[PDB]
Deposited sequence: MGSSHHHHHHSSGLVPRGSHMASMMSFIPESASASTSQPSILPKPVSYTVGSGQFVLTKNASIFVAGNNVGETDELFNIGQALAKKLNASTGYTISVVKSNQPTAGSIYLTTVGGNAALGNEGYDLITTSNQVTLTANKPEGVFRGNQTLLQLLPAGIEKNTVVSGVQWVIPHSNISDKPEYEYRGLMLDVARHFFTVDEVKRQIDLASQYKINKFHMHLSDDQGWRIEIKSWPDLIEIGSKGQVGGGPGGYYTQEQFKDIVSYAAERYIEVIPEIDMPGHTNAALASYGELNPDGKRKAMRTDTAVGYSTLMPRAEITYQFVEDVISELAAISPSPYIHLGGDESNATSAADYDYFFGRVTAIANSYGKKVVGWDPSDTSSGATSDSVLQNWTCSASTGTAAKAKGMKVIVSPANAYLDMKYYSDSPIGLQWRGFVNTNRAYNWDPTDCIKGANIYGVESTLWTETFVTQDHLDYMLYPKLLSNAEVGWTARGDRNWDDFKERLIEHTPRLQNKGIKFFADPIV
């Protein structure tokens, strides 16, 4: 038999017809179609009144999306007696083998029925439902001249990995609450279920800490390149968390330590050996900054930050970073990371950290390694300690240029086009580990605007999202590529300023 790899498309990027992404476990089409009309209602039914109430909220979210493009006013009804032309969302009799995020979605001529184990699975299934309707449905304004049909069809689905995340760096360049909400919203439509906020680094500190107010008053006032910066009040952070929660997305906040700490060091002189504030940094260098590993003030500072962040962050996880501590000795890093892990645990939080943080003698089996290096020896400690691992290889470093000539992006992990972002498996990055999942990382050294974020995340994130969701045996670039071409109008309709990748 004959095989080949994909080259660029001759003559440029290519960028009744559903466009499901990620690919679901099964999808069959039968004869006939359901028509969504102005008289349609969404019926919801759970196993008890509490669950029905949660489903009702999910139903309202769905109705909102449908109404924006159809111009209809679909409303939601708590009833297990749906009428012809209804969408029906239920958790009664879910197939347990599909787990918390799984669902069946069956469309007949008279009814769309989504059957899940949990409200969360109804939400994920609703993302598929939106992809079964014609392109145009994802418009934010009313679309005319399109019949709102769904083919008679049967889908069963569930994720391969539990953790399927996106990280946004808001330290290097700041993005507004609206901008962040939008990225969370867009990601949610592709079954991304985790959002990691990189809230602090050398060039900026982005979260209000009431006990150390100069973190904002001084530390938030810039960013890479000398723009004005910005920050989230604790109320704004809670608002982001709440917005993500409506989409069954866990928010994991990161305060990077002991390295990548210049913004803190520029805010409080007492955090430095000479007692003087550091000058703020607006360049893109890394690895030079450190907290004082052997000063108690450092641990008081960390505790105050953790105390305030834990109070406003319901995720059982806090990310404490631990990357590129090149100004911290191995011995001091081991000690520091163990101490701050003990502090986080005292505040009821489990710690996530970049490699090599798993090597700290203070880690526990509840700690999580974010494995970015993906080398033969990375996460040896994590594996021995029974720690879950989140993988972020080059293929998930979405800040990398698509190509040599990309106008934005970095290239220290090489180039990452849409094909590279697809053609990998988590088991490639680490062997013999409990792989919790995947996280796509959008660092922002070179991204200033929302358009830059869109360009780099789309279509790259779509590839990563499928790697997290779809089983490896069902993934195939030639298949995905053609599906992505089909999906293109939907990206346009959502107002996403994606890159028309010539490999698609």
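Can you list the gaps, numbered from 1 on the deposited sequence, where no C-alpha is modelled? No coordinates exist for the deposited residues in 1 to 6, 22 to 36, so these stretches are absent from the model.
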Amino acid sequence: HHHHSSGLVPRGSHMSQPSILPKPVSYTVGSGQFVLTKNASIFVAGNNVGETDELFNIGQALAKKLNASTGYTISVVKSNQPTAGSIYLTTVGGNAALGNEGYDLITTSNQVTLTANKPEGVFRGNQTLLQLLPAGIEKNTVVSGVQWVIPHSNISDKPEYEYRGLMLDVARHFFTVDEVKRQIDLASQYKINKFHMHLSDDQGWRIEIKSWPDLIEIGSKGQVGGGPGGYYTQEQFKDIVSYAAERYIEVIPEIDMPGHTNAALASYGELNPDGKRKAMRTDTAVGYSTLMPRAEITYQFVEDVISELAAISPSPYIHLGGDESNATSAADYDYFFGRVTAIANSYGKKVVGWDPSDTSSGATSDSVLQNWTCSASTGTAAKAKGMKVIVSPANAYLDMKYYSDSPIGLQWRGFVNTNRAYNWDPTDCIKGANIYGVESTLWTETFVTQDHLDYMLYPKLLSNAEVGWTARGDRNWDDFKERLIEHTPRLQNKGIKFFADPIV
From here on, numbers count along this sequence of modelled residues.
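Higher-B stretch (mean Cα B-factor, as the entry records it), 64 to 72 or 437 to 445: Comparing 64 to 72 with 437 to 445, the higher mean C-alpha B-factor belongs to 64 to 72.
Do the C-alpha atoms of 300 to 308 or of 90 to 98 have the higher average B factor in the entry? Averaged over C-alpha atoms, the B-factors run higher in 90 to 98.
Can you tell me which of 157, 274, 239, 358 has the highest Cα temperature factor in the record? The listed residue with the largest C-alpha B-factor is 274.
Specify which of 194, 182, 339, 210 carries the largest Cα B factor in the deposited PDB entry. Max CA B-factor in the entry, restricted to 194, 182, 339, 210: 210.
Would you mind ranking residue 468 by its C-alpha B-factor against the rest of the chain and naming the third, lowest, middle or highest? Lowest third - that is where residue 468 ends up once the chain's C-alpha B-factors are sorted.
How does residue 83 rank on Cα B-factor within its chain, lowest, middle or highest third? Highest third.
For residue 293, return the chain-relative third of its C-alpha B-factor as stated in the PDB record: lowest, middle or highest. It belongs to the middle third of the chain when residues are ordered by C-alpha B-factor.
Please say which third, lowest, middle or highest, residue 401 falls into when its CA temperature factor is compared across its chain. Answer is lowest: the recorded C-alpha B-factor places it there.
Could you look up the Cα B-factor of residue 462 in the entry and say which third of the chain it sits in: lowest, middle or highest? Lowest third, going by the recorded CA B-factors of the chain.
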